[PDB]
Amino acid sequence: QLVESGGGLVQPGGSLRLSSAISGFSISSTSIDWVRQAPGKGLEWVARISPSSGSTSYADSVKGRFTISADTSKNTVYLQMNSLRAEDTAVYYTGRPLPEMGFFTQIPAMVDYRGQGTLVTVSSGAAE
C-alpha cells in the first residue's frame, strides 16, 4: 500500500508538503517516483528518490521549486512544493518505477505498485 496526503487548495506562490506512507516493501531497497496528472493532460514524472543513498532527480518543470526526501525510519517519502503555480494543479501520487534500457526517466506509466494520490489545486480564483 502507498497512501498520499497533504493536498487541497493553495494560492499561487504558496507552499505545500505531500507525504506518501509506504507499506509492503522497504524504500531503502528500491526507488520511489512522484508522478502527477493534470485533468485532460497525461501522466508527468515529477521527481525520483533512492532513499538508500539519497540521490534525487527532478523533471525540468519543477527543478529549484520542489524537493523530494524520505525517512526509512517512517518508510515515507515527502515532496516539499514551494513557489506553486496554476500549472502544478494535478493529482500527485507515488509509485515504484520499473526502469530498463531505453526507459529511465519520464516513465510515469512504467510503475508496478501505485498510490491513489492527493489532489493539489493552485488557483487565485474564487469559484469551484
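Just count from 1 along the sequence shown to find any residue number.
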Practice task
Check the entry's C-alpha temperature factors for 76-84 and 22-30, then say which stretch has the higher mean.
Solution key: 22-30
Fill in the blank from the handout: Entry B factor averaged over C-alpha atoms, 109-117 against 9-17: higher for 109-117
Fill in the blank from the handout: Based on the PDB entry, the highest CA temperature factor among the options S53, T67, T94, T89 is that of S53
Problem - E100, C-alpha B-factor rank within chain (lowest, middle or highest third) - result: lowest
Problem - B-factor third for the C-alpha atom of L2 within its chain - result: highest
Handout entry: Entry-reported Cα temperature factor of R36, expressed as the chain third it lands in
Key = lowest
